[PDB]
Trainee: 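To start, I am sharing the structure in question, which I have written as structure tokens.
As the structure lists them, so they are numbered: ligands from 1, and atoms in each ligand from 1. Naming convention: chains lettered A, B, ... in sequence-line order (proteins, then strands); numbering from 1 in each chain.
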Number of protein chains: 2
Amino acid sequence: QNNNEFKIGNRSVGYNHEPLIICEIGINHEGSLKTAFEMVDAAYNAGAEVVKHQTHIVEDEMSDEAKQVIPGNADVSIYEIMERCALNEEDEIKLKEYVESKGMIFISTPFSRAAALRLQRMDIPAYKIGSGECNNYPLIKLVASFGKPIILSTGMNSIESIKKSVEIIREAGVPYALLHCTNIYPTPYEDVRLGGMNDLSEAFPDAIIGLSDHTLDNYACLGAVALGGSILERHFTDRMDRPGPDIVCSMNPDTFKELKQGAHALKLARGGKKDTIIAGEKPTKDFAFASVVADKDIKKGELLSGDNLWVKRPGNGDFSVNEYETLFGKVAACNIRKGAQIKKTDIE
Amino acid sequence: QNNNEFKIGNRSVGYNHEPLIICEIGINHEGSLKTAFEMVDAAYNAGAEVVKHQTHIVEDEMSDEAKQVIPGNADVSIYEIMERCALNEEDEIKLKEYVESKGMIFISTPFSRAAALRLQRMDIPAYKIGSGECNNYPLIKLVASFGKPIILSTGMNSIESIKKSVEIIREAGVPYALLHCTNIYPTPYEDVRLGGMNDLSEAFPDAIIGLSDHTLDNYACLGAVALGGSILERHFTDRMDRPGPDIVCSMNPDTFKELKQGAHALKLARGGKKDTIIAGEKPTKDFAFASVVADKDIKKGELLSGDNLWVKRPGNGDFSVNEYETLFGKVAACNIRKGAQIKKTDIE
Ligand SMILES: CC(O)N[C@H](CO)[C@@H](O)[C@H](O)[C@H](O)CO
Ligand SMILES: CC(O)N[C@H](CO)[C@@H](O)[C@H](O)[C@H](O)CO
Ligand SMILES: [Mn+2]
Ligand SMILES: [Mn+2]
């Protein structure tokens, strides 16, 4: 589809590269470092390349009004939830160090100016901007000036709305990705709309395309890889028993491995062209294709026709079924036995 | 993508319909009715809708030359293999009756004129033409005149080659499907080229598009459903222990069920548009979107600016982050407390 690409550290991302799966524990650790470390351990052992976090600083990402609003996947204010799961600066710094001590790449999502500045201090290789901030241009402008590539989720936003952010990013001069997404926890299959990825790619030809997902399984993501997605994001947990509003739609070690295996197979199987000639098929063609044979005994001098000629496998005869009709009207240069392939020496 | 459709009995096929999985036991029964019945039983219990067979009549589908050619997935002549697995007419008639006694649809693939005529006598609802016969125009012409819809595999053939057959089909006036395919048993992921489906759909806009597959698993087919495939074909067996050249790439009860479940999820998740508004996302938008707040204490009379104004969740403030800049230069109609959302009554 395209050859757009950029790097997240030493990891190349793009259509012509192995798709990247981002394991986001997000707020899954419920504010506990011990839990966060156990989830990072699971991610490592499962074979994860990237672990994404969520950088929350309650007072800077939301005003008092947030103490009165409830998210769709919970029964208490988003403020209460965030004040409960948020890791302070020192703890998040240890989390990043720990992820990296496991040989994995650490990136996070800022939801405020203060968070962006903290992550800049930490010098992460790339910045993820959540669908909720996709239309938060002043914040996008700040992040873009950091000079690192941006992975922008586009849920809850139209192409035109997204256009403004992409313009700010290009202005900044940093490479970027666009992840189609639907922000319902969990998300039903009917709301996914994989076609949205093509809408994004056609609208922004220089963008790396992927999918951020919240369904209950891997189907959406596998479908995204088949469509050309280069980046895949699903929340992640060490085990599905855990409490938390995003746990239900999270993938675990076993499911991650399945997504990774399926992503590899689909990276290989996708795209290509119908007319491409595949050498491996030759022995099949040589026996399956039909050649022109005699449908009846034909005496020398008699005319060949669609009545005394037919076609049968294999494809080694002097005349291929594609040439069947060109033989009509020709003259038998000798007696032709029924069932025999028609050879060049059989006609005048 | 399109609304093309047609029926195989009472089963509607097309992009806007549940994708159809064709379980082809083909030659998997190794010529044994008992084995064929056991495989049909497995297909039934697994939840299969269609069972496809292969109608072989050795003397009519191939000349003596075939006794000297070996297929890629075997070590004996294709003639020997077919003479070994071929079911005579009476037995195949019992097979069709048995499939139907299980409430499933029976269709088959003819490889000769005699086979086509036998299946016409049996009055099957639709005809499958294998990739090997995709370029066998005289045979396609015969089948098309039967007045039933055609499912045409297109492996080993270019778009131009396929063009001739599609023309013959349209001429005949029957609806048809085009299954992208690669004929190597088994087929590696890299040879699949799912993009071939789009090449087929763009070249033949009135065709129902699907995929016939020979890889070792469901990934290719699941990818095809994500791309818009309406028909999926994989060889089928009751168990992977069975002997036979096509067994290795066949799906079994458990894998069929997986393909069927994944096909359903992907039918729901595919297509759609990026700009489509999803009601379920509203509660997320209401809390995640940012509103303009005061970044500092602003005294009445003072001018609002990008220095004393900022943005924070939630999205219920009088001014959305999208309107952030329009507030620049405005005059505070009263003292504005730091951290408070900017309201319409705060400016002159
Ligand atoms: C919109 C947003 O910030 N979503 C994030 C990332 O997907 C979620 O983790 C929410 O913070 C969470 O669902 C709130 O309960
Ligand atoms: C080309 C062809 O006829 N292929 C059929 C259907 O895919 C196969 O079943 C072969 O008859 C088989 O692989 C021969 O060994
Ligand atoms: Mn998410
Ligand atoms: Mn096949």
Side-chain angles (χ1 to χ4, degrees), chain A residues 22 24-28 52-54 56 61-62 70-78 80-82 84-86 109-111 128-134 153 155-156 179 181-187 211-214 233-236 244-250 281 283-289 313, chain B residues 24-28 52-54 56 61-62 70-78 80-82 84-86 109-111 128-134 153 155-156 181-187 212-214 233-235 244-250 281 283-289 313:
Chain A
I22 295 178
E24 175 203 35
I25 77 290
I27 57 173
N28 285 354
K52 193 183 78 64
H53 182 48
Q54 276 187 47
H56 290 89
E61 70 191 40
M62 57 195 140
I70 304 169
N73 59 166
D75 279 88
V76 300
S77 69
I78 182 71
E80 184 165 60
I81 296 170
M82 291 309 151
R84 182 221 303 158
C85 306
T109 298
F111 298 83
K128 170 75 194 298
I129 290 181
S131 296
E133 292 55 71
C134 178
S153 279
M156 309 180 275
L179 311 188
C181 182
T182 298
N183 296 270
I184 302 181
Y185 314 72
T187 294
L211 177 82
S212 180
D213 188 70
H214 302 102
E233 182 184 301
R234 283 243 276 157
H235 288 237
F236 173 100
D246 299 328
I247 296 298
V248 69
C249 57
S250 299
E281 276 184 335
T284 310
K285 296 175 180 173
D286 286 319
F287 88 78
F289 283 11
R313 294 177 165 182
Chain B
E24 175 203 35
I25 77 290
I27 57 173
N28 285 354
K52 193 183 78 64
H53 182 48
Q54 276 187 47
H56 290 89
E61 70 191 40
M62 57 195 140
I70 304 169
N73 59 166
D75 279 88
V76 300
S77 69
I78 182 71
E80 184 165 60
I81 296 170
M82 291 309 151
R84 182 221 303 158
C85 306
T109 298
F111 298 83
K128 170 75 194 298
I129 290 181
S131 296
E133 292 55 71
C134 178
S153 279
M156 309 180 275
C181 182
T182 298
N183 296 270
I184 302 181
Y185 314 72
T187 294
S212 180
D213 188 70
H214 302 102
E233 182 184 301
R234 283 243 276 157
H235 288 237
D246 299 328
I247 296 298
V248 69
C249 57
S250 299
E281 276 184 335
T284 310
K285 296 175 180 173
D286 286 319
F287 88 78
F289 283 11
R313 294 177 165 182

Trainee: Below 4.5 Å, heavy atoms only, C-beta onward: do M82(A) and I27(A) meet side chain to side chain?
Mentor: yes

Trainee: For the side chain to side chain contact (heavy atoms under 4.5 Å, CB included) test, which of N183(A), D246(A), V248(A), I184(A) pairs with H214(A)?
Mentor: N183(A)

Trainee: Check for a donor-acceptor pair, side chain of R234(B) on one end and backbone N or O of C249(B) on the other, with a separation under 3.5 Å.
Mentor: yes

Trainee: List the atom of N28(A), the atom of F236(A), and the distance in Å for their closest heavy-atom pair.
Mentor: ND2-O, 2.7 Å

Trainee: Does this structure show an ion pair linking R313(A) with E133(B), if we count only N-O contacts that are shorter than 4.0 Å?
Mentor: yes

Trainee: Can you pull every nitrogen or oxygen pair between ligand 1 and the protein closer than 3.5 angstrom?
Mentor:
residue	atom	partner	partner atom	Å
ligand 1	3 (O)	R313(B)	NH2	3.2
ligand 1	4 (N)	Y185(A)	OH	3.0
ligand 1	7 (O)	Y185(A)	OH	2.9
ligand 1	7 (O)	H235(A)	NE2	3.4
ligand 1	9 (O)	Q54(A)	NE2	2.9
ligand 1	9 (O)	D246(A)	OD2	2.7
ligand 1	13 (O)	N73(A)	OD1	3.1
ligand 1	13 (O)	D246(A)	OD1	2.8
ligand 1	15 (O)	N73(A)	ND2	3.3

Trainee: Only counting residues at least two apart or in another chain, list the ones meeting side-chain contact (heavy atoms from CB on, under 4.5 Å) with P71(A).
Mentor: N73(A), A74(A), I78(A), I81(A), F287(B)

Trainee: Name the one of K128(A), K52(A), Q54(A) that satisfies side chain to side chain donor-acceptor pair (under 3.5 Å) with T109(A)?
Mentor: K52(A)

Trainee: Under 2.8 Å from the Mn ion (ligand 3), which protein N, O or S atoms do you find? Ignore water molecules.
Mentor: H214(A) NE2, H235(A) NE2

Trainee: Residues two or more places apart in sequence or in another chain: which of them pass salt bridge (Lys or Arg N to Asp or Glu O under 4.0 Å) with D286(B)?
Mentor: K282(B)

Trainee: Determine the interplanar angle of the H56(A) and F111(A) rings, folded into 0 to 90°, and report it as parallel if under 30°, tilted if 30 to 60°, perpendicular if over 60°.
Mentor: parallel

